Each structure stands twice: as structure tokens, then as C-alpha cells.
Amino acid sequence: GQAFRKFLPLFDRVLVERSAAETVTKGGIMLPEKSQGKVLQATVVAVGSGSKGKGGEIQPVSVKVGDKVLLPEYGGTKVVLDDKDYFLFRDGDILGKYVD
Amino acid sequence: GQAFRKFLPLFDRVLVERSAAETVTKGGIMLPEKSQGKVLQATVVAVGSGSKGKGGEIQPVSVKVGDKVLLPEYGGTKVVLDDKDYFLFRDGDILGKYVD
Amino acid sequence: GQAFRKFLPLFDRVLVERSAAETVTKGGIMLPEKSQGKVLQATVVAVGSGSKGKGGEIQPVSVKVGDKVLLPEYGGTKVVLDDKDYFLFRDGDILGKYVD
Amino acid sequence: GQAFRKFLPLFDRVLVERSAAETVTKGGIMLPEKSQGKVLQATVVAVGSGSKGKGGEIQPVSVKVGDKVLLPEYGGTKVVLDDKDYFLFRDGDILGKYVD
Amino acid sequence: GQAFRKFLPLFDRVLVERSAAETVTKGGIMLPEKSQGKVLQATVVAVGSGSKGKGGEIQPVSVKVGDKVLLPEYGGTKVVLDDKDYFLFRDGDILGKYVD
Amino acid sequence: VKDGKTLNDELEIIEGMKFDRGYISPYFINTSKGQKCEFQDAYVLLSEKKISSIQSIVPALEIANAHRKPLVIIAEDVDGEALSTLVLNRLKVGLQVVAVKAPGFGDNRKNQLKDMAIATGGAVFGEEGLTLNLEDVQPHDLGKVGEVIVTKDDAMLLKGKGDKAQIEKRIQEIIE
């Protein structure tokens, strides 16, 4: 598993950081902060070693550090690292990847 | 798995787009938009790699990109790709496909 | 699997059509349409490929197209094919067959 | 399994002690005790032998004594050892480790 | 398994007796009996043969007769043997042992 | 014109900004001779919303403690965790702080708080329009008063360090 800010996720957990909320629209219209919901786009910054789905070996997580991912609305655990927000999900919770 | 608008579903998730709602009847009578429910017919635009149902290998999804399928009423996750609506299901949520 | 009206059920699902409701009794007494409940007798018109109950192979569905079967009261999904009613069940939901 | 205070956890349970609650802020402002929630940071002081996830062998716990771990909000059992507070979790309850 | 007072528990069940409630404090202050709850410390007096967790063999219980153990708050069954209180647990319910 | 309790008429001149809200807790008293809290060269934190959480009151106190200057918190209400923090820092280490309710009932309360902000040179926090938050406080967002006297029933702010142009502009707005 890969660590981040000296934090290593256990088992199949994935630590991400949510993308910055959009403050202005595409035409220059400023948005209230309290009307901005949780940003479902994230980048993977830490990955656990992986659980043991089959017998005898460790299944690796399907995402690596640096992947852009789409998070679900529910299922994230708040984690504070060096006074900064991060979110811990199970590997099966992440909906999809943005490939480039 | 196959990507679509640089979005790749993880595991056995399938990304579809719902078909266009019917606005007029066969006899030429316009319908209100708010009386149109969710269209349960869709075409598959993205497929995940597939989960590991058996031991040691990856099971592919039963549907490929370009299949028209019949969606269930509940079980789809809203996904916005380039300001356009798309819906993400599980592979087993899908009822059936239309073959031609 | 076998298709019907260009519709193929996925996995172990079975598409049937419910038998016609009885309108007159055996002595010639006509019945209200509201008092006629859902007819639990059906004929199988489409079968899916079948799920994978054991490891490595596909289990076929226990019913074929043309079998007359007895349906449970709950568990059927409404499917409209060419403006006609049809019902989709799981293979284990069907109670029994009538063999001749 | 490793014991501590003549106490040995059974199965895959992990005995930790919660880190000391912060009483003053970084600007030297004293905080009320009742406004201090449960400290989610802990150090592992005892580990069980481990359950048998696979067939025939004992799976060891993923954490050893002395590891700095991050605790979940719920899932800990209060254990009193020599008039001192300790908390017993399952192995899979632990979110992650602080490696150095 | 090992029996006690002509009673042998079946499967992975463990028969213990709770330690005597503390009547006086360390400073000489007597306590009311109604304020003394269930004593979670116990000694194992009988063990079952164990269940069959794996295929073909019987898994023995992790505790033996004479082991000082820590019980959970809930999950015990009252057993009266020769007009004396005893409590029957599942093997997985016991939190840990006191090893000397 | 009001009732007098004496035999003769008396004239009282109320200077500065005095309103009918006293201290929230009696532990802020530092001058026992009149049972009042007196500070000189004090910061002023103004909140249009209530302060009841730890995170909404720590950085203002950190600014006050780092600059070694007294803090006056005028809000709708200070209660619970923030109030206990204020009292604990007052009693134990001797932090120069006092908390006062904001006068008025409705739009007049917001208008009075904005007038205090303009007079003192500070900013109003927890407002509807601009949405400034108490978690992000800078030293320039705090008003400055040369003198403050807080009794049980009233508070009084003297020689606030606001901008004269701001005050004249607010006065002309009130006139219009």
C-alpha cells in the first residue's frame, strides 16, 4: 500500500481528497458557499494493501494514487491530516475512474 | 472495460443513457413533460471490467456498449458527463436486452 | 437464451404472459372485471441464458419457452412489448409447471 | 498473540489506548473538558492471535503492538485494566495506520 | 469437551461463573448491592466440543476450564446447576483472557 | 423625559454607544468596585449570528491573546461551549474577554450591529448578504475601541477606531 502524509489505509480502504467546489459559473456568476453540495469528484492520494477476497493471496485495490475518481453520495469517513480534509472509502464504493 | 467521455466504470457497473421521452402520441397529441416518467429503455455507453465472481479470474459484464436494454425503475445512480445525464447500474440490475 | 418480440431476458429471468382472465362462470354467469384478480397461470415466452450457480459454467433455467407454469402473487416485473402486457420473474420464483 | 497488563485479546480483537485529549489550542487557549470528544487516535497495546479466515490456518492481525492507529467513531468496547481505560476493537474496524 | 457438575455444553458453548461482586471499596466504603451490576470477569468451568468451522474436522474452543476471561455485557444465558448461578456463552463472544 | 427618584430635576448625557445589554456571565467582572468589566484599547468582535461552538470562537481569542489585547464579543447570544470556553480562559489564565448580547429585536438589531461595526472599524460576522464566517477571522476584521464598560444591565463603547468617512456616510444613509 501507498501512504500519504504518513497515513496508510488498512485493508481495502482508499483515501481521497474531494475536488475544490466551483465558486463561479461559466459566465461569471458567483455562487453561495452553503448552496454548494459535497463534490463527488476526487483524486486518490492513498491506497490500502487490499483485503483477501480469494484464498491465500491479497487482492490489490482497483485504483492507484493519482487516479481521478467519482465518489458516491454516501459512504465516506472524514479524516483530518495536517489540518486538511480527506475522505476514506471502501474500494467497492467508488463508482468509476476518469481515464486520460 | 470500455470508457465513454473519458469515464470508465469500476467493477461490474454499467453506464447507460436513458432514451428520449415520447412527447406526442401516435395520433399526434402532445404530452405534458411532468407527466413523463423515467424512460426504462436505454442504450449501453460504458462497461466496467467486471467483478470476480469465481476464484482467480474476472467475470465480464453480460452487456456490451451499444446494446439497448430495459432498465429497472429503481437502482440507477445519476452521473453528469459533459453536462449530460447518464445513469450507472449494476450488471445484475439490468432486466433484459433487445436483440436485432 | 430464447428471445421473444426482439426481447431477450438477462441472467436467470423468465418472461411469461399471464393467461386470460375468466369472464363467465361454468354455468353462464358473467363476472365484473374489477373482481378478477391477477391470473397466476402463465405460459413461458422467453428464457434467459441463466446465472452461474456453480463455478465455471452457466446453469440453464428449469423452464423452456412454451411451458405452462403457476406464478406467485408477488415478484413479477411489468414489461410492455409491442403494446402488450408481459411479466418478468426470477427462475426460482415460479412455483411449478403443468406437464401434459 | 501479545498480552498487556496480564490481558490477552481473543480471536482478531485489538486492544488500544486512546491518545490524550488536547487541552490547549495552538494559540494557548484552554478548552473545556466536556467539549472534548473521543480521541480517534490511539496506539496498539495488545493483539489477539487472529481468526481463521481461510481453511486450516490462523490469519494474523494486520496491526502489531506499538502501531499508531486511527479509530472509528463507533465499535469500541470499554475495558478497565489496573484502573485505566482501554478499548477493544475488531481487526477490520481499524481505519488506518500512521507509519513513520 | 469437559463437563462440570454433570453438565456438558454442546458445540462452541462455554459455561462460566461470574466473579464475586465487590462489596467494599479499597478505602473501606461498603457498597449497596443494588448498585453492583453484572461482573464481567469470570472463570471458565465447562467447555463444549466445538463446532466444525472447516470441512470434516471439529474446531476446539479457544478457552479451557480454569481460564480467567472477560465477558461482554450482553449475550449470556442463565443456567442453574445445583441451585447456583452459571452463564453460558458462545466461544466467539468472550472478549479476552487474563494470562499469568 | 422620564421619572426621577429624587426631589430635583437632573440631566444625564449618554455619550458614545450605550445599549441595554449587560454581560452574559457574571465571571467577566474585573472591577469589583462597581461590579463592571472595564477594558482599554480593546478588540471588538461583532456577530450577527449566535456563537455556541468552539471553532467559531477559538481564532478570535487566539488573535486577542497573540496581540495581548482585550476582546469584547457582541453577538445575538453566546452560550454553551463557547461561553464555557470564555469563562474558563477568563478564570484560569486571566484572559481579558467579555461577552454581550446584541441589542434590538429584528432588523433594528442588524442595523445597530452594522452601526457598531462602522463606528469601531470592524466587520459584522454571520450575516446573510456577505456570509462572513467566525472561523476565518483576521485582525483587521475586528473593531477597536479605546474604552469599554460593561455592567449588569448595559454596555458602553467609547472612542471606537473607525473611519470618519465611513461614519459620515452611515450618518447620511440614516438621514436619507
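The chain as shown is numbered from 1 upward.
Method of determination (from the header): electron microscopy, 1.9 Å.
Placed from the backbone N, Cα and C atoms, the Cβ positions cover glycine too.
Considering E:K34, E:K54, the record held by Swiss-Prot lists E:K54, annotated as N6-acetyllysine. Note on E:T23, E:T77: Swiss-Prot annotates phosphothreonine at E:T77; no matching annotation appears for the rest, which is not proof of its absence. Here the modified residues are E:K38, E:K64, E:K84, and none sits under 8 angstroms from chain D, going by CB atoms. A straight line from the CA of E:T77 (phosphothreonine) to the CA of E:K38 (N6-malonyllysine) spans 13 Å. Note: the Cα of E:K38 (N6-malonyllysine) and the Cα of E:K78 (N6-acetyllysine) are spaced 12 Å from each other. In the structure shown, the C-beta of E:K68 has more C-beta neighbours within 10 angstroms than that of any other entry among the modified residues E:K52, E:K54, E:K64, E:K68, E:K84. Neighbour counts of Cβ atoms within 10 Å were compared across the modified residues E:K38, E:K78; the minimum falls on E:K78. For the pair E:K68 (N6-succinyllysine) and E:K78 (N6-acetyllysine), the C-alpha distance works out to 19 angstrom. Cβ-based neighbour count (10 Å, all protein chains) for E:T77 (phosphothreonine) stands at 12.
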